[PDB]
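Engineer: Got a structure here, written out as structure tokens. Questions coming.
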Amino acid sequence: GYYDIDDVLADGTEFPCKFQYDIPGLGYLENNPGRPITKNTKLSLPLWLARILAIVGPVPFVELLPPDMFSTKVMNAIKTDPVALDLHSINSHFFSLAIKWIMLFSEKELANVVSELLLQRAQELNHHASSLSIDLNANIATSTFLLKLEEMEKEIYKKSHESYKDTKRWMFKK
Amino acid sequence: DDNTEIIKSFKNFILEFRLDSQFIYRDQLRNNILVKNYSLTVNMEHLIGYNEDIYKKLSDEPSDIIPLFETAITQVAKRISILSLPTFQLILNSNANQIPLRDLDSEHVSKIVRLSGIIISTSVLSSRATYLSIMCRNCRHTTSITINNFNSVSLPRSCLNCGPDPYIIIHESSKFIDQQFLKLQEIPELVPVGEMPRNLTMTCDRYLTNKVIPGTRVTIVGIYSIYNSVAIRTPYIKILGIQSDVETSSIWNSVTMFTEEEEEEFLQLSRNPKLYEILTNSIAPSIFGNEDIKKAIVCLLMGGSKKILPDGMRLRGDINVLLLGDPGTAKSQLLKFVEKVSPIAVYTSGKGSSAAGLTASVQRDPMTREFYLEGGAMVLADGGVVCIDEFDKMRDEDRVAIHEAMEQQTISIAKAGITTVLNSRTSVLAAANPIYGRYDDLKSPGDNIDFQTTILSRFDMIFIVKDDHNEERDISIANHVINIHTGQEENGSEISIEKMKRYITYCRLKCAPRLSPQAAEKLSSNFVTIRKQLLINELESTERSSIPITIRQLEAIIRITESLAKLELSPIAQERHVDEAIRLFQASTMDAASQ
Amino acid sequence: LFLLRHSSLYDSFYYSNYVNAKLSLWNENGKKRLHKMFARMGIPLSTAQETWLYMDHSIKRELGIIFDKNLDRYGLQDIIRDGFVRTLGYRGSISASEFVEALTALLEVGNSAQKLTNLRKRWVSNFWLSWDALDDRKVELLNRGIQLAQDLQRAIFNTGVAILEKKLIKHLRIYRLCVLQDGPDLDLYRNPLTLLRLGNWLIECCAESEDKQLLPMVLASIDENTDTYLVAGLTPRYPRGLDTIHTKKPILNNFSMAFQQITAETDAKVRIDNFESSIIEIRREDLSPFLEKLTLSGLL
Amino acid sequence: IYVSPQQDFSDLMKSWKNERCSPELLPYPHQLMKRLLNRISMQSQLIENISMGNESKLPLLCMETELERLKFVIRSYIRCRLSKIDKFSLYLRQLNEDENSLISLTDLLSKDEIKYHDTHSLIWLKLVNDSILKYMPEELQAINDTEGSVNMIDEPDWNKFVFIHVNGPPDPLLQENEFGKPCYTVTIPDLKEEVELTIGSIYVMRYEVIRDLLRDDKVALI
Amino acid sequence: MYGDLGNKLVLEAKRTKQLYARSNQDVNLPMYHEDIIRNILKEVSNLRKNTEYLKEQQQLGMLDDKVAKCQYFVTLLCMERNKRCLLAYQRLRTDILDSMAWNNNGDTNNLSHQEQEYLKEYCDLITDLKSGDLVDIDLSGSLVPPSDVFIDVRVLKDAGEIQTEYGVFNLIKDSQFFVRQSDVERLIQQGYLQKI
Amino acid sequence: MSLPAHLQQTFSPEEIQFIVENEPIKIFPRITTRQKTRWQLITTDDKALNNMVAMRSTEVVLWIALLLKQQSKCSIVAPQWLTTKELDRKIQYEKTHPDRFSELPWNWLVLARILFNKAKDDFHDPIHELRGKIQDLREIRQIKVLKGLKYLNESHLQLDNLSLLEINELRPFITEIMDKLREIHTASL
Ligand SMILES: Nc1ncnc2c1ncn2[C@@H]1O[C@H](COP(=O)(O)OP(=O)(O)OP(=O)(O)O)[C@@H](O)[C@H]1O
Ligand SMILES: [Mg+2]
Ligand SMILES: [Zn+2]
């Protein structure tokens with residue numbers, strides 16, 4: 001969405017890039033201002049800039065290098081144990097960037113890996129959302145799993161938890 | 001025979017108990033199995049209400065019936081979660097009268113008891129067996145054993161020729177659980193006349209392990225039993241439930257133990273326009289005046305924010321406060337209150353302390369002959385506040401043993417082979433007297449203070465409390481104290497100790513403000529002016545200032561600003577907090593230095 | 001007994017009007033006598049102080065037998081009575097007397113002319129707490145009421161102890177008088193209900209007993225926030241559970257007539273707006289003339 | 001085609017549920033809503049007439065309660081429609097601007113809805129042009145641009161998953177399956193898959209594929 | 001870089017949305033971030049100046065085609081990003097304003113004057129809608145279905161003998177009514193009554 | 001905006017109760033309205049109400065029946081599926097068929113909750129037994145739903161005989177997870 005805040009934030013992450021031309025007066029992209037940017041320079045640009053620079057330019061202006069969030073180590077960790085993995089630390093907008101990357105390069109290995117990860121994680125997500133506390137007189141696991149959730153998973157969990165909580169409140173309303 | 005009937009009775013309680021329109025225990029079980037917590041907490045008032053006969057059995061012979069209520073829970077859990085799982089733990093809650101720790105004697109052996117105490121030590125987890133696979137040495141016959149951890153079990157003595165004790169355990173096919181040992185000391189007030197506090201050994205299983213830390217008051221439900229280690233047995237308590245006022249799990253890991261309903265209360269309180277006034281008034285309601293010291297104590301309890309720079313340097317985020325003054329000022333009472341409000345705190349007297357008593361000490365185990373490390377006051381207070389009273393009576397060496405733990409927040413040891421760097425992130429609140437007992441204005445400030453500049457510079461704020469005889473103030477204090485002696489607002493002007501402690505925990509684990517550029521420019525200009533003021537004062541007097549102003553004071557002002565911002569859950573610290581921080585610094589440390 | 005099923009067997013005897021009247025628990029000899037009674041009944045002190053639910057069940061079952069032989073010796077025989085107990089499945093059973101006590105406690109402490117109006121508004125507010133406590137869907141309110149009732153009875157016991165130890169009761173020929181001026185918990189007695197609770201406590205102890213002539217009592221209390229008294233005449237009561245021809249006859253409360261007569265005759269400034277005509281409000285400086293005229297009236 | 005008040009209420013409820021669960025903005029049932037509003041006014045007048053004049057107590061209570069129920073249903077329906085118009089304002093403006101498009105707002109919206117659309121669009125455009133757009137160059141000064149990096153016009157989620165109940169006809173598309181039960185056949189072009197929709201069953205389907213069945217009333221969203 | 005301010009503004013917008021979701025009943029829009037918006041618009045102004053300078057240099061300068069294309073593309077993208085962040089923040093605030101306007105039948109210092117005008121004329125629009133053919137329905141009514149015909153209610157704050165359309169109610173503080181929900185639904189909404 | 005965020009894309013439990021309360025139910029009138037004023041409704045049929053006779057089975061809307069029961073002027077006749085024996089049979093059917101849901105009505109939970117709350121003296125079986133049976137059935141169906149959630153995919157999914165309240169509970173999780181799966185798959189091509 002254009003007005004979706006989460007998407008605007010996601011489009012602001014930095015991705016590695018490598019310029020392929022000689023463009024004077026583009027230093028501000030690099031740390032230093034007002035200096036020519038020589039070819040083969042490596043620098044991290046925001047997605048909203050890097051993507052359009054990569055598709056526009058024959059040789060485009062930049063080439064996208066493999067991000068560290070889609071490296072072989074991360075894929076192996078995803079495949080080994082999806083539920084235990086801490087996605088929030090890898091990137092807070094992992095799934096959105098993954099979908100954007102798949103669309104940009106149309107690679108299906110990543111698509112299958114991400115789909116399996118999402119399904120397996122969603123199983124435990126629903127397990128936790130369905131668990132509602134009770135007060136006898138009138139925890140740790142839930143918190144540790146919540147800490148690991150990505151932003152989109154955190155929205156889905158909130159919605160499902162509220163739905164379950166509303167149904168339980170209606171059914172047992174004295 | 002009777003065991004099956006008992007199991008059937010406890011299964012019908014879990015399947016038929018409704019107080020209104022919700023099955024409390026059936027739903028608690030399903031919700032626990034869904035998050036992988038194989039246990040059920042049952043309130044004994046509910047069991048006395050379903051069938052009093054079931055309670056009579058559970059209380060008459062606890063170590064025989066509790067094992068039969070666990071299997072009932074397991075059967076119901078299988079029926080509820082599996083469409084045709086270890087043995088479930090039973091955690092008990094009770095409201096029976098608490099027996100004093102020292103009143104437990106032969107009359108309570110093998111009975112359910114409730115008691116309170118202070119945890120002084122915790123052991124490294126051990127592994128107990130729950131399902132052994134065994135084999136015979138000679139004929140190689142395979143069998144299994146099942147064990148419940150309720151003692152009144154050993155390998156078979158005769159095989160099923162094979163000599164005595166023919167069975168060896170097959171470990172790769174057995175299953176084990178967790179076991180922990182705890183030492184419980186009685187509360188200081190409960191102790192009888194002229195008696196040292198007494199200890200008691202306790203053991204917990206599975207989901208009751210790693211629930212407490214040394215130095216926290218707890219309430220225990222368990223079984224007072226005995227184990228043979230002549231015709232005497234050493235008593236111990238088999239824990240069946242732990243209740244504490246400290247969310248140790250939240251403090252060690254993330255933010256936890258706060259319900260959304262509880263969390264909502266904290267946000268509402270933070271939104272109060274005058275939370276600063278309420279917190280200041282809530283500290284020591286029974287001590288008159290001393291508003292600046294109470295604000296300083298609020299800032300010390302709140303703490304600053306710690307930063308780890310990319311190069312690795314760490315910046316202290318705690319605030320240290322010194323109270324120098326004349327007798328009768330209520331410094332010791334303020335320290336005793338701060339020890340009681342803070343989630344973690346230790347009250348120690350500088351006279352009755354030592355370098356090893358603080359920090360950590362090296363001890364030899366009499367059995368293994370191996371040296372190990374035991375934490376002292378500053379380790380026992382890690383993540384909290386240490387109240388060092390009588391700071392002037394401490395010996396020079398024992399005081400010198402505190403510099404690194406006060407500044408770098410680490411305790412480097414190199415003794416008896418043991419070589420390590422522990423962690424001690426504590427705030428020091430110290431009370432002291434001048435050399436002559438009273439701050440004598442006639443003599444120079446270098447004569448009333450025996451503390452060296454190195455130790456003094458480590459304190460963020462130094463308060464030189466002077467007792468001046470003013471008739472109006474004297475009458476006011478007399479009236480206040482008489483009212484205290486002969487004589488509950490709780491109307492938005494003061495909050496109880498429990499709520500304040502929980503709010504401190506929430507703020508510490510939820511906020512860590514950062515300075516905005518305007519605050520940075522303001523604090524930077526103020527530091528330049530203060531340093532110039534010390535130089536003009538020094539040029540005037542040949543003597544070198546006894547109260548120093550180094551970069552540590554700039555960092556202290558930053559910490560005070562950040563604590564004031566954190567008090568209101570504000571992610572950014574603005575000038576409205578910088579002004580208050582500068583005012584407090586001028587009221588304490590520049591005030592002390594000016595004299 | 002005071003809240004037998006929600007407190008210990010010890011506290012029920014300790015905080016009971018009748019038991020305190022017949023044993024004088026406000027002094028040390030009374031505590032010694034109560035401990036002797038418990039020792040004779042065969043109930044360990046530790047067992048008695050245990051809460052009702054978790055008390056040893058043998059003694060709980062035998063209580064009727066143990067009480068009936070033992071109580072007559074100590075003069076506490078009339079404790080035996082028949083009442084109404086209501087149980088909701090799988091919940092604790094509560095008696096009518098304890099329910100009424102909880103409701104009254106919620107009414108009392110549930111929570112110039114401007115302050116008076118504010119106080120009356122607060123009591124009108126408490127009315128709805130007590131009204132809610134009557135619904136089985138609201139049980140937390142009832143438990144809250146029982147807790148408050150225990151607190152209030154403890155406070156009344158302490159105030160009565162302070163009154164009796166100092167001998168603040170003046171025994172005039174027409175009536176008894178007791179005026180509180182510097183008590184520790186004097187904010188409690190602005191409510192007529194709490195004042196009547198204390199009045200009943202006093203009426204039973206050392207007034208119902210002692211073989212003294214029946215004399216009406218006047219109880220007054222002060223509040224610095226408004227500098228006025230809340231006087232409250234109280235009717236005397238015959239020895240409890242003593243059926244007799246004279247006890248059969250009822251005793252009326254004449255304080256309304258005398259109070260109105262004196263107010264009309266003197267420039268009293270008395271407020272007689274309370275529904276119970278025996279309770280009025282007086283200014284700090286008018287109580288002495290009012291009581292002098294009361295003694296001289298002779299219509300009490 | 002009017003049948004009876006009961007049928008009109010049934011269609012009102014069908015429309016309410018479909019609008020609540022659908023991802024797009026369904027066409028407005030002009031005739032049904034006209035009939036319903038007129039009946040509401042007439043019934044209110046009848047209730048007032050009767051009340052102006054003890055066995056008659058219960059009937060009045062029932063009539064008033066039924067009026068409250070009907071008013072609530074219409075209120076929720078209209079509120080949901082207004083919210084959807086808010087979300088898809090630029091999309092509907094785009095529909096109207098295009099002349100090749102078959103749909104026209106006078107058929108897709110009522111008079112109140114079209115008035116709300118125009119007025120709210122004008123108000124919001126005024127606000128944003130004052131606050132932001134008046135500073136940007138002439139190129140980035142359009143609130144509806146589709147040739148930039150990101151499309152500014154939000155379209156309905158065509159492939160959203162929605163629970164459906166197959167209730168059959170009140171038929172050429174109908175057929176039978178191996179087990180002999182009546183069923184419908186639909187194709188998901190993305191996956192090239194053909195999915196059977198047997199009658200009396202509940203499915204979680206994409207909206208695009210079952211959209212025509214929903215329009216013809218063969219299925220109803222739950 | 002060139003979108004840091006926009007990112008910060010969107011972060012503040014996210015915080016506002018999270019606060020709105022967490023809050024149960026009372027919601028107050030945070031103070032309009034005038035300073036950050038001023039900085040963002042200033043940045044857009046410098047970007048426009050840069051574009052003008054680039055065009056002038058291309059008209060008379062040694063600049064080449066590829067270099068001009070790249071710079072003219074990087075400036076346009078930066079302006080687009082700033083515009084998107086600004087519009088997202090403003091749209092979130094406007095959505096919350098719409099919700100508030102509908103919650104009422106039809107402090108303010110936080111809003112900027114443009115938002116104040118928007119809210120005023122949006123309430124005018126809501127009332128105009130309510131006046132039309134949907135008069136018999138209370139468009140700004142309750143969205144919870146009617147369940148009970150008669151309810152017990154309690155007066156929460158003292159007020160005179162308010163004369164509502166349905167009748168006269170003597171709103172004495174701490175007094176209960178047995179009335180029909182339909183009549184007293186507005187009073188409950190405002191806070192003069194409670195259901196209990 | 002016009003519609004709160006918690007009512008978007010889904011119904012609230014009160015909305016489901018509102019929908020359920022329009023289905024017909026059987027009642028035993030305690031009054032004789034039939035003539036040998038008059039109801040005038042517009043949302044349902046009014047002939048049944050105008051023709052009532054004491055102790056004669058008749059069918060009316062559920063909310064009218066509840067309103068009448070509130071006045072002790074009618075006794076609701078509980079559905080046939082809400083007897084002990086029928087619930088035992090349904091429990092057995094659930095137990096023997098791990099891969100399918102029983103053929104309970106699409107409003108069994110909501111109607112059970114409403115009738116237990118309102119008409120406690122109109123059942124021919126002890127209420128506690130019926131509550132226990134409904135709880136057991138709910139647990140079995142919950143196990144089945146948990147097992148069946150492992151087959152979410154970018155294509156259709158089928159949950160036959162699942163009731164309205166359960167579908168309302170599960171609508172957000174199912175719909176959002178399947179939408180994300182579809183988005184990933186579509187991005188793949
Ligand atoms: N407002 C008050 N100010 C000062 N003392 C108070 C106040 N209220 C109570 N006290 C009394 O202060 C006494 C405690 O001593 P205090 O803490 O004041 O000593 P200190 O000045 O810190 O110590 P030292 O006299 O050894 O230097 C207690 O008896 C307490 O009754
Ligand atoms: Mg001291
Ligand atoms: Zn052998």
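Residues are named by chain letter and number: chains run A, B, ... in the order of the structure tokens, numbers start at 1 in each chain, and ligands are numbered from 1 in the order shown.
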Env of region 80-82 of chain E: 9 Å cut, atoms = only C-alpha atoms, seq-sep filter 6 positions within chain, self excluded. Answer as a list in words.

Structural biologist: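 Once the adjacent positions are removed, what remains is residues 8, 48 and 49 of chain A; 140, 148 and 149 of chain D; 2, 3, 5, 6, 7, 40, 41, 43 and 44 of chain E.
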
Engineer: To check your reading of the model: which residues sit at most 7 Å from ligand 2 when counting only C-alpha atoms and all ligand atoms? Write the answer as a JSON list (two decimals) with C-alpha atoms, in the first residue's frame.

Structural biologist:
[["chain", "number", "residue", "atom", "x", "y", "z"],
["B", 331, "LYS", "CA", 20.07, 9.48, 56.63],
["B", 332, "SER", "CA", 19.95, 5.95, 58.06],
["B", 389, "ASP", "CA", 25.72, 2.87, 56.01],
["B", 390, "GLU", "CA", 28.45, 4.23, 58.29]]

Engineer: What is the CA of residue 108 (chain A)-CA of residue 149 (chain A) distance in Å, reported with one decimal?

Structural biologist: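 CA of residue 108 (chain A) sits 24.1 Å away from CA of residue 149 (chain A).
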
Engineer: Taking only C-alpha atoms into account, produce a table as a tab-separated table in which each residue of chain C with an atom at most 12 Å from an atom of chain B appears once, together with its shortest atom pair and the distance in Å to one decimal, ordered by chain and rising number.

Structural biologist:
residue	atom	partner	partner_atom	distance
C:6	CA	B:95	CA	11.9
C:7	CA	B:97	CA	11.2
C:8	CA	B:97	CA	9.9
C:46	CA	B:97	CA	9.5
C:47	CA	B:97	CA	10.0
C:48	CA	B:97	CA	11.1
C:49	CA	B:97	CA	8.3
C:50	CA	B:97	CA	6.0
C:51	CA	B:96	CA	6.6
C:52	CA	B:96	CA	9.3
C:53	CA	B:45	CA	7.5
C:54	CA	B:96	CA	6.2
C:55	CA	B:96	CA	8.7
C:56	CA	B:56	CA	9.3
C:57	CA	B:56	CA	8.1
C:58	CA	B:56	CA	10.4
C:87	CA	B:49	CA	10.4
C:88	CA	B:19	CA	9.0
C:89	CA	B:19	CA	7.7
C:90	CA	B:49	CA	4.7
C:91	CA	B:49	CA	5.8
C:92	CA	B:49	CA	6.7
C:93	CA	B:49	CA	9.3
C:111	CA	B:491	CA	11.7
C:136	CA	B:20	CA	10.1
C:137	CA	B:20	CA	8.7
C:138	CA	B:20	CA	11.5
C:139	CA	B:19	CA	11.3
C:182	CA	B:486	CA	10.6
C:183	CA	B:487	CA	9.9
C:184	CA	B:487	CA	6.6
C:185	CA	B:487	CA	8.9
C:186	CA	B:487	CA	11.3

Engineer: Please write the residues from the selection above to a file, keeping N, CA, C and O atoms, as a compact mmCIF listing (two decimals), in the first residue's frame.

Structural biologist:
# COMPACT_ATOMS: atom_id res chain seq x y z
N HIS C 6 -15.52 -17.38 58.25
CA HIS C 6 -14.55 -16.63 57.47
C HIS C 6 -13.36 -16.17 58.30
O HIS C 6 -12.56 -15.36 57.83
N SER C 7 -13.22 -16.68 59.52
CA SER C 7 -12.09 -16.36 60.38
C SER C 7 -11.80 -17.57 61.25
O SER C 7 -12.46 -18.61 61.15
N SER C 8 -10.79 -17.44 62.10
CA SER C 8 -10.43 -18.53 63.00
C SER C 8 -11.47 -18.70 64.10
O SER C 8 -12.25 -17.79 64.39
N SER C 46 -2.92 -23.46 68.68
CA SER C 46 -2.54 -23.39 67.27
C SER C 46 -3.70 -23.80 66.37
O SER C 46 -3.94 -23.18 65.33
N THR C 47 -4.42 -24.86 66.75
CA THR C 47 -5.56 -25.31 65.95
C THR C 47 -6.66 -24.26 65.92
O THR C 47 -7.25 -24.00 64.87
N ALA C 48 -6.96 -23.66 67.08
CA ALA C 48 -8.04 -22.68 67.14
C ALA C 48 -7.75 -21.47 66.26
O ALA C 48 -8.63 -20.97 65.57
N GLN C 49 -6.50 -21.00 66.27
CA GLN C 49 -6.14 -19.82 65.49
C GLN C 49 -6.08 -20.10 63.99
O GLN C 49 -5.95 -19.16 63.21
N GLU C 50 -6.16 -21.36 63.58
CA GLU C 50 -6.18 -21.68 62.16
C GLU C 50 -7.51 -21.26 61.55
O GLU C 50 -8.55 -21.25 62.21
N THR C 51 -7.47 -20.89 60.27
CA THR C 51 -8.67 -20.43 59.59
C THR C 51 -9.69 -21.56 59.48
O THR C 51 -9.37 -22.74 59.62
N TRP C 52 -10.94 -21.17 59.22
CA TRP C 52 -12.04 -22.12 59.30
C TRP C 52 -11.89 -23.25 58.29
O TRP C 52 -12.10 -24.42 58.63
N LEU C 53 -11.54 -22.93 57.05
CA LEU C 53 -11.54 -23.94 56.00
C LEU C 53 -10.52 -25.04 56.28
O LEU C 53 -10.81 -26.22 56.10
N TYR C 54 -9.32 -24.66 56.73
CA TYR C 54 -8.22 -25.60 56.90
C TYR C 54 -8.12 -26.15 58.31
O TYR C 54 -7.16 -26.86 58.62
N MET C 55 -9.08 -25.85 59.18
CA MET C 55 -9.04 -26.37 60.54
C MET C 55 -9.17 -27.89 60.54
O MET C 55 -9.80 -28.48 59.66
N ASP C 56 -8.55 -28.52 61.54
CA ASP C 56 -8.62 -29.97 61.67
C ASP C 56 -10.08 -30.40 61.69
O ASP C 56 -10.88 -29.88 62.47
N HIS C 57 -10.42 -31.36 60.84
CA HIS C 57 -11.81 -31.71 60.61
C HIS C 57 -12.43 -32.50 61.75
O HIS C 57 -13.66 -32.45 61.92
N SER C 58 -11.64 -33.24 62.53
CA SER C 58 -12.21 -33.92 63.69
C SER C 58 -12.82 -32.92 64.66
O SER C 58 -13.97 -33.08 65.10
N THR C 87 -25.86 -22.22 50.68
CA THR C 87 -24.71 -22.71 49.94
C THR C 87 -25.02 -22.69 48.45
O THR C 87 -26.11 -23.09 48.02
N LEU C 88 -24.05 -22.22 47.66
CA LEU C 88 -24.09 -22.32 46.21
C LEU C 88 -23.05 -23.34 45.79
O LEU C 88 -21.90 -23.27 46.22
N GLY C 89 -23.46 -24.30 44.96
CA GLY C 89 -22.65 -25.45 44.64
C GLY C 89 -21.17 -25.18 44.50
O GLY C 89 -20.76 -24.30 43.73
N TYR C 90 -20.35 -25.91 45.26
CA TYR C 90 -18.89 -25.88 45.21
C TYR C 90 -18.31 -24.58 45.76
O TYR C 90 -17.11 -24.33 45.59
N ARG C 91 -19.12 -23.75 46.41
CA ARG C 91 -18.64 -22.53 47.05
C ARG C 91 -18.80 -22.66 48.56
O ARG C 91 -19.51 -23.53 49.07
N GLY C 92 -18.13 -21.77 49.29
CA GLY C 92 -18.24 -21.77 50.73
C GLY C 92 -19.65 -21.39 51.17
O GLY C 92 -20.31 -20.56 50.55
N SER C 93 -20.10 -22.01 52.25
CA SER C 93 -21.41 -21.73 52.81
C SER C 93 -21.34 -20.55 53.76
O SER C 93 -20.41 -20.44 54.56
N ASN C 111 -15.73 1.98 50.06
CA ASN C 111 -15.01 3.07 49.33
C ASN C 111 -13.59 2.59 49.00
O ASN C 111 -13.40 2.14 47.86
N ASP C 136 -25.65 -12.74 43.27
CA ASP C 136 -24.74 -13.88 43.26
C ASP C 136 -23.66 -13.75 42.20
O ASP C 136 -22.62 -14.42 42.31
N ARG C 137 -23.86 -12.93 41.17
CA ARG C 137 -22.81 -12.68 40.20
C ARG C 137 -21.71 -11.78 40.75
O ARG C 137 -20.63 -11.70 40.16
N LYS C 138 -21.97 -11.10 41.88
CA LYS C 138 -20.98 -10.26 42.54
C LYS C 138 -20.64 -10.92 43.88
O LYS C 138 -21.32 -10.72 44.88
N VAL C 139 -19.58 -11.72 43.88
CA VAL C 139 -19.09 -12.35 45.10
C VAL C 139 -17.82 -11.67 45.61
O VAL C 139 -17.57 -11.69 46.83
N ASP C 182 -10.43 12.65 71.93
CA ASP C 182 -9.07 12.53 71.41
C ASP C 182 -8.71 11.10 70.99
O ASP C 182 -7.53 10.76 70.98
N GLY C 183 -9.70 10.28 70.65
CA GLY C 183 -9.43 8.92 70.26
C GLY C 183 -8.48 8.83 69.08
O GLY C 183 -8.20 9.83 68.41
N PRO C 184 -7.96 7.64 68.81
CA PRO C 184 -7.00 7.48 67.71
C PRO C 184 -7.67 7.30 66.36
O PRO C 184 -7.09 7.63 65.32
N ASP C 185 -8.89 6.77 66.37
CA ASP C 185 -9.61 6.45 65.15
C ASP C 185 -10.96 7.16 65.13
O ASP C 185 -11.99 6.54 64.87
N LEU C 186 -10.95 8.46 65.42
CA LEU C 186 -12.18 9.22 65.57
C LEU C 186 -12.84 9.57 64.25
O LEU C 186 -14.00 9.99 64.25

Engineer: Do me a favour and pick out the residues of chain B within 9 Å of chain A, using only C-alpha atoms, as number ranges by chain.

Structural biologist: B: 20-22, 24, 27-28, 30-32, 34-37, 41-43, 249-250, 253-257

Engineer: With C-alpha atoms retained, write the just-selected residues as an mmCIF file, in the first residue's frame.

Structural biologist:
data_model
loop_
_atom_site.group_PDB
_atom_site.id
_atom_site.type_symbol
_atom_site.label_atom_id
_atom_site.label_comp_id
_atom_site.auth_asym_id
_atom_site.auth_seq_id
_atom_site.Cartn_x
_atom_site.Cartn_y
_atom_site.Cartn_z
ATOM 1 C CA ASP B 20 -20.188 -20.416 37.118
ATOM 2 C CA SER B 21 -20.189 -21.341 33.359
ATOM 3 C CA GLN B 22 -16.425 -22.003 32.808
ATOM 4 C CA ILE B 24 -11.612 -23.696 35.392
ATOM 5 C CA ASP B 27 -9.539 -25.087 30.419
ATOM 6 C CA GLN B 28 -6.361 -24.367 32.456
ATOM 7 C CA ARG B 30 -5.771 -27.344 27.669
ATOM 8 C CA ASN B 31 -4.179 -23.852 27.691
ATOM 9 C CA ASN B 32 -1.046 -25.164 29.502
ATOM 10 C CA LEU B 34 -0.815 -25.736 24.117
ATOM 11 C CA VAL B 35 2.291 -23.730 25.271
ATOM 12 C CA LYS B 36 4.230 -26.903 26.441
ATOM 13 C CA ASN B 37 3.870 -26.352 30.247
ATOM 14 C CA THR B 41 -1.954 -25.245 39.571
ATOM 15 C CA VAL B 42 -4.948 -26.246 41.811
ATOM 16 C CA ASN B 43 -6.238 -24.012 44.697
ATOM 17 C CA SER B 249 11.928 -14.061 35.607
ATOM 18 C CA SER B 250 11.162 -10.588 34.146
ATOM 19 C CA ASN B 253 14.790 -12.159 30.914
ATOM 20 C CA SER B 254 13.016 -9.511 28.688
ATOM 21 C CA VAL B 255 9.796 -7.983 30.219
ATOM 22 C CA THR B 256 7.429 -10.615 31.730
ATOM 23 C CA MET B 257 5.046 -11.070 34.680
#

Engineer: Show which residues sit within 10 Å of residue 84 (chain E), as a count of residues only. Count only C-alpha atoms, and ignore same-chain residues fewer than 3 positions away.

Structural biologist: 16

Engineer: For chain F against chain D, which residues fall within 10 Å using only C-alpha atoms, given as an NGL selection string?

Structural biologist: :F and (1-4 or 7-11 or 15 or 18-19 or 33 or 37-45 or 49 or 63-64 or 67-68 or 71 or 152 or 154-164 or 167-168 or 171 or 174-180 or 182-183 or 185-186 or 189)

Engineer: Which residues form the shell of 6 Å around ligand 3 when you count only C-alpha atoms and all ligand atoms, given as a compact mmCIF listing (two decimals) with C-alpha atoms, in the first residue's frame?

Structural biologist:
# COMPACT_ATOMS: atom_id res chain seq x y z
CA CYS B 136 21.05 -58.11 33.81
CA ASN B 138 24.64 -62.47 33.38
CA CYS B 139 21.51 -63.44 31.42
CA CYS B 159 17.54 -61.02 39.20
CA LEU B 160 14.31 -62.01 37.47
CA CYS B 162 22.84 -64.22 39.19

Engineer: Taking only C-alpha atoms and all ligand atoms and a cut-off of 10 Å, can you tell me which residues surround ligand 1, written as JSON, numbers by chain?

Structural biologist: {"B": [284, 285, 286, 287, 288, 289, 290, 323, 324, 325, 326, 327, 328, 329, 330, 331, 332, 333, 334, 335, 336, 389, 390, 431, 432, 433, 434, 437, 438, 465, 467, 476, 477, 478, 480, 481, 482, 484, 485]}
